[PDB]
Amino acid sequence: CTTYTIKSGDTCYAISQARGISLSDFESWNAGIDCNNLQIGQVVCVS
Ligand SMILES: [Zn+2]
Ligand SMILES: [Zn+2]
Ligand SMILES: [Zn+2]
């Protein structure tokens, strides 16, 4: 997994859009992530 660290204002949609990936694919790589409750410093997979 390529990792990314959540920063202020980030959203799962915007991370996905920036990388040209679907939000559903992103979710499939992120084990039930709570996209409405992201924490600054949280680490996600972007591939
Ligand atoms: Zn979803
Ligand atoms: Zn896909
Ligand atoms: Zn939530």
Side-chain angles (χ1 to χ4, degrees), residues 1-6 8-16 18 20-47:
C1 133
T2 309
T3 60
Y4 174 75
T5 310
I6 294 307
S8 199
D10 280 343
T11 63
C12 297
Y13 176 66
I15 289 164
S16 292
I21 58 178
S22 61
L23 177 57
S24 41
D25 281 357
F26 177 84
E27 291 170 351
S28 87
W29 307 333
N30 288 286
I33 186 164
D34 193 353
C35 288
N36 70 13
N37 191 37
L38 297 177
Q39 308 293 307
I40 287 163
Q42 183 171 343
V43 174
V44 302
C45 294
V46 300
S47 75

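Counting starts at 1 for both ligands and their atoms, in listed order. Numbering starts at 1 and runs along the sequence shown. Reckoned from all heavy atoms, side chains included, excluding hydrogens, waters and symmetry mates.
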Between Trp29 and the options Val46, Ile21, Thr2, the side-chain contact (heavy atoms from CB on, under 4.5 Å) test singles out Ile21
Would you say that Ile15 contacts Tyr4 through its side chain, given a criterion of any heavy-atom pair below 4.5 Å between the two side chains?
yes
- Please tell me if the side chains of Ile33 and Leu38 come closer than 4.5 Å, counting only heavy atoms from C-beta onward. yes
* Examine distances only and state if a side-chain atom of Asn30 and a backbone atom of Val44 form a donor-acceptor pair shorter than 3.5 Å. => no
At the Zn ion (ligand 3), OD2 of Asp34 and OD1 of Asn36 open up to roughly (10° bins) 100°
Distance col, row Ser28:OG vs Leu23:CG, nearest 0.5 angstrom, shows 10.0 Å
Rounded to the nearest 0.5 Å, the CD atom of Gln39 sits from the CG atom of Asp10 at a distance of 12.5 Å
Listing protein N, O or S under 2.8 Å around the Zn ion (ligand 2) gives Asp25 OD2
Minimal heavy-atom distance between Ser16 and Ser22, with the atoms involved, is OG-O, 3.9 Å
Here the N/O/S atom of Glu27 closest to the Zn ion (ligand 1) would be OE1
